[PDB]
Every structure is written in structure tokens, then in C-alpha cells.
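Since the structure comes first, as C-alpha cells, the remarks are kept for the end.
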Amino acid sequence: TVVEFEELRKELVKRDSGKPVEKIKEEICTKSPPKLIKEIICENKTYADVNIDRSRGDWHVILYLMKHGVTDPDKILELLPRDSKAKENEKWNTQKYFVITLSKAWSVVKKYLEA
DNA sequence: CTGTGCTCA
Ligand SMILES: Nc1ncnc2c1ncn2[C@@H]1O[C@H](COP(=O)(O)OP(=O)(O)OP(=O)(O)O)[C@@H](O)[C@H]1O
Ligand SMILES: Nc1ncnc2c1ncn2[C@@H]1O[C@H](COP(=O)(O)OP(=O)(O)OP(=O)(O)O)[C@@H](O)[C@H]1O
Ligand SMILES: [Mg+2]
Ligand SMILES: [Mg+2]
């Protein structure tokens with residue numbers, strides 16, 4: 001598991017914009033995107049705003065900030081909502097969820113921007 | 001594969 005994070009975090013950081021997380025919400029919240037994705041990125045709410053599934057709320061937000069070119073997982077973990085299953089995961093592990101979700105989300109974005 | 005998630009084949 002830890003080796004799967006190690007190979008992802010190397011490819012994600014080499015594709016990252018190199019900006020700290022404070023720039024992610026600062027550059028998105030000053031724009032005029034739909035209020036739904038804006039409410040999540042500006043950290044004002046989470047999946048509870050739209051009553052969406054906790055996994056889908058983290059899925060749509062991770063893909064969106066990847067369209068802005070941000071890719072580094074250290075920011076994915078920092079913005080990760082504390083109301084998610086990543087809070088306690090009594091039958092799970094937070095790193096298992098984080099490795100699976102970013103592996104899938106990154107695969108979908110990088111294949112969308114491939115050339 | 002794992003709890004499943006998209007947008008787009
Ligand atoms: N619409 C909802 N969105 C988010 N959480 C919900 C919702 N309805 C109930 N919950 C609560 O949050 C957890 C998820 O319930 P739900 O039945 O939505 O499961 P799920 O759709 O398989 O997973 P998740 O929505 O957590 O990705 C449960 O503890 C439940 O009590
Ligand atoms: N019979 C079961 N009843 C409940 N959960 C089960 C069962 N079998 C497997 N599970 C796993 O346990 C999970 C629910 O407990 P878990 O503590 O992991 O989540 P949570 O309590 O909703 O989130 P958090 O622990 O972050 O608050 C389910 O999503 C599922 O993956
Ligand atoms: Mg749900
Ligand atoms: Mg729990």
C-alpha cells in the first residue's frame with residue numbers, strides 16, 4: 001500500500017503546479033464558477049451542502065482542482081473533508097482510501113489530457 | 001478488485 005502511494009506521489013508532484021493549498025481556494029474562490037463546486041473549494045461546506053454521497057463529493061472536487069492543473073496529493077489530503085469516511089474508517093484505513101481514490105481520479109484526468 | 005464514484009463514447 002505505502003509503495004503505491006510512493007509511486008503516485010512522485011508522478012503527481014512532477015505534474016503538480018507546485019503551489020501550496022492556500023493558492024487553490026484563493027484562485028478558485030475569486031473566479032465565478034458554479035456555486036456548488038465553489039462552496040466545497042472555499043471550504044465553506046462539504047458533501048453536506050448538496051447531500052451527495054461522501055465518496056462522490058470527494059471524487060468531483062478532486063477531479064475539478066486537477067483541471068486547474070493542481071495534482072500534488074499533499075494538498076488532496078489537506079483539503080480532504082473531515083466529515084468523510086476518511087475520519088475514522090473503522091473497517092478501513094485512510095491511506096487505503098486515499099491511494100485508491102487518487103489512483104483512479106489521476107488515471108481519468110491524465111488520460112483526458114494525454115497527447 | 002477493495003466503499004464506490006465521470007464527462008466523453
Ligand atoms: N445522502 C447522503 N449523503 C451522505 N451521507 C448520507 C446520506 N444519507 C445518509 N448518509 C449517512 O452517511 C453515511 C452514508 O450513507 P449512504 O446510505 O449514503 O451510503 P453510501 O451512499 O453507500 O455512501 P456515501 O454516501 O457515504 O458515499 C451513513 O452513515 C448515513 O447515515
Ligand atoms: N455489515 C456491515 N455493517 C457495516 N459496515 C460494514 C459491514 N460490512 C462491511 N462494512 C464496512 O464498514 C463501513 C462502515 O464503517 P466505517 O467506520 O468504515 O465508516 P463510517 O463510520 O461511515 O465512517 P467513519 O468511520 O469515517 O466515521 C462500510 O462502509 C463498509 O465498508
Ligand atoms: Mg451515500
Ligand atoms: Mg466509522
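Lettering and numbering for the C-alpha cells are positional, with chains as A, B, ... in the shown order, residues counted from 1 in each chain, and ligands counted from 1 in the shown order.
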
Output as a Markdown table one row per residue of chain A within 6 Å of ligand 2: the closest atom pair and its distance in Å to one decimal place, counting only C-alpha atoms and all ligand atoms, sorted by chain and residue number ascending.
| residue | atom | partner | partner_atom_place_in_ligand_line | distance |
| --- | --- | --- | --- | --- |
| A:84 | CA | ligand 2 | 26 (O) | 5.7 |
| A:85 | CA | ligand 2 | 26 (O) | 3.1 |
| A:86 | CA | ligand 2 | 26 (O) | 4.8 |
| A:87 | CA | ligand 2 | 26 (O) | 3.9 |
| A:88 | CA | ligand 2 | 25 (O) | 3.7 |
| A:89 | CA | ligand 2 | 25 (O) | 3.5 |
| A:90 | CA | ligand 2 | 17 (O) | 3.6 |
| A:91 | CA | ligand 2 | 18 (O) | 4.2 |
| A:92 | CA | ligand 2 | 18 (O) | 5.2 |

Would you list the contacts of region 29-38 of chain A as a PyMOL selection string, taking every protein, DNA or RNA residue within 12 Å and counting only C-alpha atoms (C1' of nucleotides), but skipping same-chain residues closer than 5 positions in sequence?
chain A and resi 22-24+43-52+57-65

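A distance search around ligand 3 (8 Å at most, only C-alpha atoms (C1' of nucleotides) and all ligand atoms) returns the following protein and nucleic acid residues: residues 52, 53, 54 and 55 of chain A.
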
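With only C-alpha atoms and all ligand atoms as the basis for measurement, A:93 is the residue among A:72, A:93, A:67, A:7 that approaches ligand 4 most closely.
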
With 9 Å as the limit and counting only C-alpha atoms (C1' of nucleotides), what residues in chain B lie close to chain A? Please list them as a list in words.
residues 2, 3, 4, 5 and 6 of chain B

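Excluding residue 11 (chain A) and any residue on its chain fewer than 4 positions from it, the residues at most 10 Å away by only C-alpha atoms (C1' of nucleotides) are residues 5, 6, 7, 15, 16, 71, 72, 73 and 106 of chain A.
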
Tell me, which residues of region 24-107 of chain A carry DSSP alpha helix (DSSP H), written as a ChimeraX atom specification?
/A:24-28,35-41,54-67,73-78,94-107

Leaving out residue 2 (chain A) and any residue of its chain fewer than 6 positions from it, which residues lie within 10 Å of it when counting only C-alpha atoms (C1' of nucleotides), given as a ChimeraX atom specification?
/A:8,95-96,99

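In terms of minimum interatomic distance to ligand 4, A:83 ranks closest within A:83, A:26, A:78, A:39, counting only C-alpha atoms and all ligand atoms.
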
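One distance worth recording is that between CA of residue 79 (chain A) and CA of residue 27 (chain A), which is 14.7 Å.
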